There are 2 protein chains.
Amino acid sequence: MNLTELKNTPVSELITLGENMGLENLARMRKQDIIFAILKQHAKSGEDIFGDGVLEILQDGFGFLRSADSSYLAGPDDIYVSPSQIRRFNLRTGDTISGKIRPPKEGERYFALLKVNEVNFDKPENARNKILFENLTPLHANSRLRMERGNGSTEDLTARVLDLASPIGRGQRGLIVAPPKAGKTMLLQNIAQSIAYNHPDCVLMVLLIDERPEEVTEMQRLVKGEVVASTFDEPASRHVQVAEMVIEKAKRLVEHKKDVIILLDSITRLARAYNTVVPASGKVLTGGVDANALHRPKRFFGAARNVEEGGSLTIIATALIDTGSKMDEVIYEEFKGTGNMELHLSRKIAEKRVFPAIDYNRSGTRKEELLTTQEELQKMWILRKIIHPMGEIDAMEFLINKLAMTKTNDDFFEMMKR
Amino acid sequence: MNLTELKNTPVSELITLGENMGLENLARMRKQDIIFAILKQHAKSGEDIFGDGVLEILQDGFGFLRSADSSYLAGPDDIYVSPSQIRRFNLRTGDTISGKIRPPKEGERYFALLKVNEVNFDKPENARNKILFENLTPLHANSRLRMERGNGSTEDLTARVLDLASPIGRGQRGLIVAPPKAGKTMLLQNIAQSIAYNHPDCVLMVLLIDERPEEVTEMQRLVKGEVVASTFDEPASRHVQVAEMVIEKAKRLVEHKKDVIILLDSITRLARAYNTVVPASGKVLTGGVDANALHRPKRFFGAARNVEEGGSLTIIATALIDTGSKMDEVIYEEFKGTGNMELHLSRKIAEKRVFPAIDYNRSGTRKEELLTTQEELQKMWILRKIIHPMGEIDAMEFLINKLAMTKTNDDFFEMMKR
Ligand SMILES: Nc1nc2c(ncn2[C@@H]2O[C@H](COP(=O)(O)OP(=O)(O)OP(=O)(O)O)[C@@H](OP(=O)(O)OP(=O)(O)O)[C@H]2O)c(=O)[nH]1
Ligand SMILES: [Mg+2]
């Protein structure tokens, strides 16, 4: 029996399946309780069960395989694995493990792994000789990630506008400056769709911190891939835990020669959660924040890199400014010159209901010549020269108007070449 | 007899009933005590006493059927339900149980439930199979709640202004930012009347926290619905208990595919009560608040959603700003991004005796395309474009002057189009 099959099924179908098996009252308790009871009954039946999850090390030394469909939330059905297994097969937090599951015997409040048959989509033995994450050297991004949809639809307009504004490559550490009511989500959704279509091989995971519960559903419906989020109901501990699990899973994927892309929703929310969770170091920085608090956001953000051996790790993050909270621009002043590429959004442009509201003159990337070719580089340079004089809002209007008349980016290339 | 109808009777009628029943004193006791005495005297002869109430589950195992007449205050007349009944029918806190009761026996001082005949306005068997609230899928609000009644009276001006400014829908999570002496109570009263008029099907509850005793009675005599309040002369535990009972009752009602609307007089007062009642976690933010504390009010605020299966939970809570306290400031600080609808009251417009004192430029709703039609949305955009250059007080004066001339918002749009 497949645990993920039960998890993916709707709750009503789970209740009906349990009632067919029996168990009497099943509707009232949560989904995790339902799946736990159904799994226990099926194990009592005798048939072997196969389950998969993402491993995590707890402070007690034990391992837990959290599930992605629950946004890595601890639950009664969370498989728990002894440190003996971790010693037997070299494992750490973020690893994806699939195998047969032991029924919960006396003293077993959760399910446990009997035999492991898959580690990070690979055999257990082949995971021992892999190299850690930052043992691999950091290298400048060189392989361009093309996120032009190419269908000519209105959705592709923002993708190509950001592409000529500031190209994004594999392994880059992007940064988005998003004032309130600027279209941050309407940009993230398009970026996620472009990544999922143009580059299906790369693993796409979306991390949302301090989000509204209603937006999580639309994010997880629109994005083809893995969406994990922590709403504002959950404490800062949950935000930190989900962020750490996501970054560790990405690092483990990179170590396994996989290419993974992370679309972080907000650096500011993560930094606030980290400031809340960490103990005080005895020194209070400006704005009621801790020096040690700001370190772990840097640890999360700096993992974006183009590994010369196994692939890339791209982390696109968005910054919140002019929110009113002073810790927000404290975090901004911490990350002034950290991102490889920076895209700036403008509130005044968004006021006229013309989108995308970006500042083309400000938005740009460093060492762009590596990602693009010579012709693209000089074309971008002359475009910067010619749209440099006119105002940013008129610049955006002219850009969207001109890209509208052109089917693709090459049509624009030939248009400004004449 | 029925306990609820006895509770609804005035105190003098209760004393007369106790006297003609042949019971002495009953004058200087509280309402609950005289109710208990009357119930005991009638129970000595039987006649199958009835009673209903909202279930509050205590950690010891058993529960109590509180009444909304006393705003769920603990009293001698509360029905006592044993854990056996809570186990036979799956009952959680907030369930509305109605049935016959039995007189207390030797060794017990509370009336006990004898035979349940209604749970959540439904048969117990049907209520046992309901899906839990947490398993329901949140969604963006799409069904509008039109405040305007079209009467043309000067009271409808506030409703029409608010319909133009920040449209609301079933399942919204609204926030009213009100400085002191701006007119929040009158606005809440008007919203309650508009809801009771236009949408009689929705369940309307008005929750007042730390309110003055006279305002409580004013709201109870004005609002056509359920009003539960806890005055300032009560411990913060009382505020916490009342808020939790209200939210649990709302969740149970929503589980039955019902639309529930909750108007919260102050999220700031609720946050203060939670901060007082919660144990200190050792990390204290600016102003003396505990980061652990604000997790509980947020869970109250985050329950507002539009359930995909059916029903919705609208929560319109007022936030107090510029009250002269840093703790209230940080409480509002932690709550900006949670709401999908905001309405900003202005003291500058209030001091000129121009009402409603609504800051039109700084107030709005998120994703208004779903609630309103295309023509309504474009007309609203035209009006916003017209208003935007004006100052807040001039804009509100002009808007109210133009709005009073006609009767309905549609005719106002037609006139402005010309
Ligand atoms: N059709 C279209 N709309 C765009 C586009 N780009 C931006 N927008 C609009 O910009 C708004 C999105 O802003 P968000 O980033 O979602 O809001 P933020 O709070 O900054 O981030 P968050 O969603 O919390 O993570 C939406 O309008 P609101 O009604 O929510 O703003 P309004 O609320 O003023 O009515 C979008 O419709 C685009 O390319 N096409
Ligand atoms: Mg956001």
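If you check the header, you'll see the entry was determined by cryo-EM and the resolution is listed as 3 Å.

Labelled according to the PDB entry, chain A appears under the name Transcription termination factor Rho, originating from Escherichia coli. In the PDB, the entry goes by the title "Bacterial transcription termination factor Rho + pppGpp".

To continue, consider the overall build of chain A. Within chain A one finds 16 helices and 15 strands. Each principal axis of the C-alpha atoms in chain A carries an extent, and together these give about 75 × 55 × 45 Å. For chain A, long-range pairs separated by at least 24 residues make up 68% of all intrachain contacts whose partners lie at least 6 apart in sequence. As displayed, chain A offers around 17800 Å² of accessible surface, 54% of which is attributable to carbon and sulfur atoms.

The next subject is the pattern of salt bridges. Tallied over the full model, the rule gives 53 salt bridges over all chains. Note that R170 of chain A and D259 of chain A form a salt bridge whose closest N and O atoms lie 2.4 Å from each other. With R170 of chain A in the loop between strand 7 (168-169) and strand 8 (173-178) and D259 of chain A in the loop between helix 8 (236-255) and strand 11 (260-264), this pair connects stretches of sequence that are 89 residues apart. Here the salt bridges share partners, and the residues they tie into one network are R28 of chain A together with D95, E248, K251, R252 and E255 of chain B.

A word on the site of ligand 1. In the vicinity of ligand 1 there are 16 residues, among which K181, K184, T185 and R212 of chain A together with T365 of chain B approach most closely. Taken together, the residues near ligand 1 originate from chains A and B. Here an oxygen atom of ligand 1 sits 2.9 Å away from a polar atom, N or O, in the side chain of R212 of chain A. A distance of 3.4 Å separates an oxygen atom of ligand 1 from a polar side-chain atom of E215 of chain A. Relative to its free-state accessible area of 800 Å², ligand 1 is covered by the protein chains to the extent of 73%.

Tracing the chain through its elements places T338 of chain B in the loop between helix 12 (326-333) and strand 12 (341-344). When its relative accessible area of 4% is taken as the criterion, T338 of chain B is described as buried. Not counting residues up to four positions away in its chain, the partners in contact with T338 of chain B are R212 and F232 of chain A together with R173, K298 and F301 of chain B.

Let us now look at the domain arrangement of chain A. Residue and element names in this part refer to chain A. Considered domain by domain, chain A is made up of domain 1 (1-126) and domain 2 (129-417). Put simply, the middle of domain 1 and the middle of domain 2, counted by C-alpha atoms, are 34 Å apart. With 18 residues of domain 1 in contact, the opposing surface of domain 2 contributes 17 residues. For the pair domain 1 and domain 2, the summed buried surface comes to about 1500 Å²; carbon and sulfur atoms form 54% of the total.

Residues and elements named next belong to chain B. Within the largest apolar cluster, 76 residues are counted, with the highest numbers of intra-cluster contacts made by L207, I262 and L313. Counting residues per element, this core draws most heavily on helix 9 (residues 236-255), which supplies 10 residues. Sequence-distant contacts of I262, defined by excluding residues within four places in its chain, comprise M205, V246, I247, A250, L313, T314, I315 and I316. Counting residues in each nonpolar core, the second largest holds 51 residues, with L204, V216, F398 and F413 among its members.

Glancing now at the packing of aromatic side chains. Residue and element names in this part refer to chain A. Tallied over the full model, the rule gives 13 aromatic pairs over all chains. Between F62 and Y80, the ring centres sit 5.3 Å apart and the planes meet at 25°, which makes this aromatic pair stacked. Here the residue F62 occupies a position in the loop between strand 1 (49-57) and strand 2 (63-66), and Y80 occupies one in strand 3 (residues 79-81), the gap between them amounting to 18 residues. Between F64 and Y110 the ring centres are 5.4 Å apart and the planes differ by 70°, which places this aromatic pair in the edge-to-face class. Placement of the pair is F64 in strand 2 and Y110 in the loop between strand 4 (96-102) and strand 5 (112-119), with a sequence separation of 46 residues. Looking at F64, the relative accessible area reads 11%, which means it is buried. Sitting over the ring of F413, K379 keeps its end group 4.7 Å from the ring centre.

This brings us to the pairing of strand 1 of chain A. Residue and element names in this part refer to chain A. Where strand 1 meets strand 4, 6 bridges bridge the pair, whose relative direction is antiparallel. Note on strand 4: the bridge partner recorded for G53 is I97. Pairing between strand 1 and strand 2: 4 bridges, direction antiparallel. Note on strand 2: the bridge partner recorded for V54 is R66.

Once that is clear, we can look at the interface of chain B and chain A. It is common to report an interface's size as the accessible area lost on association of the parts. Counting from both sides, the interface comprises 39 residues of chain B and, opposite them, 27 residues of chain A. Summed over the shared surface of chain B and chain A, the result is 5 salt bridges. For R272 of chain A, the salt bridge is made with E334 of chain B, and the minimal N-O distance between the two is 3.6 Å. At the junction of chain B with chain A, the criterion picks out 12 residue pairs in polar contact. Top contributing element to the side of chain B that touches chain A by residue count: helix 11 (residues 295-301) of chain B, with 4 residues. Each residue belonging to the side of chain B that touches chain A can be placed in one class, and the counts come to 10 nonpolar, 11 polar and 18 charged.

Time to look at the sheet that holds strand 3 of chain A. All names here are of chain A. Strand order in the open sheet formed by 5 strands is 3-2-1-4-5, with antiparallel pairing between adjacent strands. Edge strands, defined here as strands with exactly one partner in the open sheet, are strand 3 and strand 5. Across this sheet, the average inter-strand angle for adjacent strands is 45°, counted without regard to direction. Across the sheet, helix 8 touches strand 1, strand 2 and strand 4, and the angle it forms with strand 1 is around 105°.

What counts, and at which threshold
- Every chain's residues are listed with numbers counted from 1 in the order the sequence is written; these need not match the entry, and residues without coordinates are not shown.
- Chain labels run from A onward and ligand labels from 1 onward, assigned in the order the entries are written.
- The assembly from which these chains come is larger than what is shown, and the figures reported cover only the shown chains.
- The basis for every side-chain value is the complete set of heavy atoms in the structure, and neither hydrogens nor water enter the calculation.
- Numbering of helices and strands runs from the N terminus, with a helix taken as a DSSP run of H or I at least four residues long and a strand as a DSSP run of E at least two residues long.
- Note on definitions: a residue-residue contact is assigned when non-hydrogen atoms from the two residues lie within 4.5 Å.
- Here the Shrake-Rupley method, with its probe set to 1.4 Å, supplies the accessible areas, and only the displayed protein chains count as covering residues.
- Salt bridges are defined by distance alone: a side-chain nitrogen of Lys or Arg within 4 Å of a carboxyl oxygen of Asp or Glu.
- One heavy atom within 4 Å of a molecule or strand is enough for the residue carrying it to be called near that molecule or strand.
- Pairs of N or O atoms are called polar contacts if they sit within 3.5 Å, as long as, within protein, a hydrogen donor faces a hydrogen acceptor (for residues adjacent in sequence, only side-chain-to-side-chain pairs).
- Each residue is placed in one exposure class: buried if its accessible area under a 1.4 Å probe, protein chains only, is under 20% of its type's maximum, exposed if it is over 50%, and partly exposed if it falls in between.
- Domain borders in the structure are assigned automatically or taken from a domain database.
- Buried area: the accessible area, evaluated with a 1.4 Å probe, that two parts lose upon being put together, summed over both parts.
- We call a set of buried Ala, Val, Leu, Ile, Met, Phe, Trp, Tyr and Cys residues a nonpolar core when their side-chain atoms join them within 4.5 Å.
- Centres within 6.5 Å make a pair out of two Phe, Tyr or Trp rings, where for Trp the six-membered ring is used; the pair is then stacked when the planes are under 30 degrees apart, edge-to-face when over 60, and tilted otherwise.
- The rule is short: NZ of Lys or CZ of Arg within 6 Å of the ring centre and within 35 degrees of the ring normal puts a charge over the ring.
- Should DSSP find at least two bridges between two strands, the strands are taken to pair.
- Classification used: nonpolar for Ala, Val, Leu, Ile, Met, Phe, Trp, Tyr, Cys and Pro, charged for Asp, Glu, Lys and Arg, polar for all others including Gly.
- Angles run from 0 to 180 degrees between N-to-C directions of axes, and those axes are lines fitted to C-alpha atoms, restricted for helices to the stretch in contact.

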